[PDB]
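In what follows, a single structure is set out as structure tokens and then discussed.
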Amino acid sequence: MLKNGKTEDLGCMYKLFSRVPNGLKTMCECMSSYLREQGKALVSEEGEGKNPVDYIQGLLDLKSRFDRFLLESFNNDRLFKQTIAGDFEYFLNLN
């Protein structure tokens, strides 16, 4: 449901795993890995050429989806936000 966008499941999972530190750390690792994988898939080559719908603003589409994940389920945790901001700054330069 990080790919299906079912935010209620993400919210319940975060409610479970915020109870113990280093449980949200694995959440950060998985979230940032998924973000980096998808972002480097889009901002880089997509076979032959690039699609501006999913390259110039598709980056923003995914970034908006992931802020929706951060808001509706993660409640804007500082560490998640810092990792995603780092990911954005890193694969924004690989246009």
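Heads up, the Cβs are rebuilt from the backbone with ideal geometry, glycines too, and the neighbour counts pull from every protein chain shown. Bear in mind these aren't lab numbers, they're just calculated from the coordinates by the rules spelled out.
Here are the numbers:
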read-out: Size descriptor, Kirkwood hydrodynamic radius, that averages inverse alpha-carbon separations across the chain, Å; value: 13.9 Å
read-out: Percentage relative contact order, segment 1-61, counting C-alpha pairs under 8 Å, at least six apart; value: 17 percent
read-out: Helix-only mean residue ellipticity at 222 nm for the chain, each DSSP H run of n ≥ 4 adding -39500 (n - 2.57), per residue, nearest 500; value: -22000 deg cm²/dmol
read-out: Subset of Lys15/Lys40; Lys3/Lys25; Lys25/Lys50 violating a 22 Å alpha-carbon distance limit; value: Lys15/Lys40; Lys25/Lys50
read-out: Assigned charges on the beta-carbon of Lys, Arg, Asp, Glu; the chain dipole about Cα centre (debye); value: 420 debye
